Each structure stands twice: as structure tokens, then as C-alpha cells.
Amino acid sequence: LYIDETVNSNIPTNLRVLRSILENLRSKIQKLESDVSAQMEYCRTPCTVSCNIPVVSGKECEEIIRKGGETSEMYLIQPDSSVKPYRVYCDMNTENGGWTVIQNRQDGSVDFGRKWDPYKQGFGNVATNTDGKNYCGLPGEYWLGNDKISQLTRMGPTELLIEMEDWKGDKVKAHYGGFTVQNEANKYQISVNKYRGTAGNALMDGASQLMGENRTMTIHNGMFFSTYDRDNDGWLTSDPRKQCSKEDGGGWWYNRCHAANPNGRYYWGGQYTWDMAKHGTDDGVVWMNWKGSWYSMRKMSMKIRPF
């Protein structure tokens, strides 16, 4: 009957926003369309550095702290001399030093969402000029190649140290006295143990705040490193658009899918939510057992050692 007013009132609160916000969002399809031109531009010119390689070297960062390497920066460790002396970043300040970094999160800079080769060889900046010295005392995000890693673990007793620091200062440290990244022939299986840690055993002890069948499919230990061109996940599905790596952003020992996700997608401020991610999933530098699926961090590193 009288429903004929929605023609002069209810509607007058419709095209008044379907125009509005479709405009005040039209001005987004603007900014967020030039800033891409304005950084794509200041991308025409690559960045550079000068890590004057210091004298002191060694087999790995341990022997190098056992050779006077007391400052933390870009060193040149050379494992079995049946290989090439690859630049690396040593930690010789926290925990008796000798900590050879493998991965490092502290800001954007490096797209960790790569493939096979890159994850195997390595990518990123192993270090940057300390802004006022010759060498490179400040670390930059990278993934010291897998192959390089699977070899370092292969030096008998390899013990990785996984640290993180959440945006509000606070920080915790994980740890697996026993760590071993098989060789690429094994799809790079990850064997970890001797877990100790105040950050939650998210690699083997699966994701805590959950339950059985849902949890254990958040165990990385015994997993086959994967990347969006190498489906070695735990997620069995004929559907190729759905794989633990194509989602969750990056390469990781994926087991349907993760209780921890360093190497995810870099999230600023930490907190983030599905309605933000490329695939809704909880992709990003997340360590679930300490912060849960919806909290990426500031810095997420991984330093190993022998013994």
C-alpha cells in the first residue's frame, strides 16, 4: 500500500552511499594506484652496499668466535672446504655467540614468498652497511639458502635457536637442541628435537590452544619443506589452488598447515585479520603457540650452532 515512500525515503539513504563510498573508495583506487607508480619509479634505481669482507673467517660462526670474532656482523664462514665460502651473518653477543643466522625478520624489504631455487640458494640482503663503518654490522632479512642449511645441520650436532620479538617490546625464545634439515634429495625433511622453550613448541608440539585431529596437522617436525612450485605439504587435495604454501605466503615445512609461520607475509603492527590476507588464511610471520593465528611480528630470526 503505502510502501511507496521507500521511493522517496528508504532509497534516499542508498544511492547516497552507493555513490558516496563508491567514490570515497574511488579515491583509493587512486592513491593506491600511483604510490605503486611512486615506488615502482624509485625502483628503477637498485640499492647498493659495500660489505668490506673482514679478515677473520672460519668453518662456521662458532670457530669464528673461537678466532676473535667478538663483534656481530657480516662474516664469511666456510664449512667443509669442499664448497664455496658463502657470506653469512654471525651472532656473537647473545648466548655465547657463534650463532650463524639463517633467516631474519625485522621489516619488509624482502619478499619471502618465493619458490624452489630461491629457497634453496637464498635471497635477500645478508647484511647492510652499518651506515658509518666499512663492513656490515647490521643484519638484513634473508634466507641463507636451504642447501647451505641442510649442509650445516649435517655437521653432526646442530642446534637451532629461534627468536622473536612482538611489537610491544616483549619477546620469547624457542629452541631445539637437535635440529637437522635433510638434503634436497629428501625434499629437505626437517628432523627436530631436544625442544626447550618459553615460546611454545610449535614445530613439533603442534599448535597448543587447539585439539587433536585439528592440532597434529600443525606439526612441522618430519615435514617436507614446500613452496608454491613444490607441493610437499600435509594438505592432501586434488584442488591445486589450495595448498599450505600457495597460501600462508612463503616456503615452509608445511603439514596441513602451520602452528608457526616465519617467512610468511610481513605484517605491520603485528595484529591482522583474515579480512586482510590475500587468501584469508593466517599467512604471515606468525608463531601460533605464543601469539595465535592473528598476530604477525616485528622480528623473527633463526640462528644455529654446533655441539
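Counting begins at 1, following the sequence as shown. Between two forms, the rigid core is the largest collection of C-alphas that superpose within 1.5 Å.
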Original post:
Looking at C-alpha RMS in 7 other deposited structures of this protein with the core superposed, is it 89 to 97 or 233 to 241 that drifts more?
Top reply: 233 to 241
**OP:** Quick one: core-superposed, which stretch strays further from the shown model in 7 other deposited structures of this protein, 28 to 36 or 245 to 253? Go by RMS C-alpha distance.
**Re:** 245 to 253
Original post:
Which wins on mean Cα temperature factor, 111 to 119 or 175 to 183?
Top reply: 175 to 183
Subject >> 161 to 169 versus 77 to 85 - which carries the larger mean C-alpha B factor in the record >> reply: 77 to 85
**OP:** Specify which of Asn263, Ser238, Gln39, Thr281 carries the largest Cα B factor in the deposited PDB entry.
**Re:** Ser238
**OP:** Name the one of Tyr142, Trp99, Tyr228, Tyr135 with the greatest CA B-factor according to the PDB entry.
**Re:** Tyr135
**OP:** Comparing against every modelled residue in the chain, figure out the third that the C-alpha B-factor of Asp131 lands in (lowest, middle or highest).
**Re:** highest
Original post:
Lowest, middle or highest third: where is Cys51 by Cα B-factor in its chain?
Top reply: highest
**OP:** Sort the modelled residues of this chain by their C-alpha B factor and say whether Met300 lands in the lowest, middle or highest third.
**Re:** lowest
**OP:** Can you work out whether the C-alpha temperature factor of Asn10 puts it in the lowest, middle or highest third of the chain?
**Re:** highest
**OP:** Compare the C-alpha B factor of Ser34 with those of the other modelled residues in its chain, then answer lowest, middle or highest third.
**Re:** highest
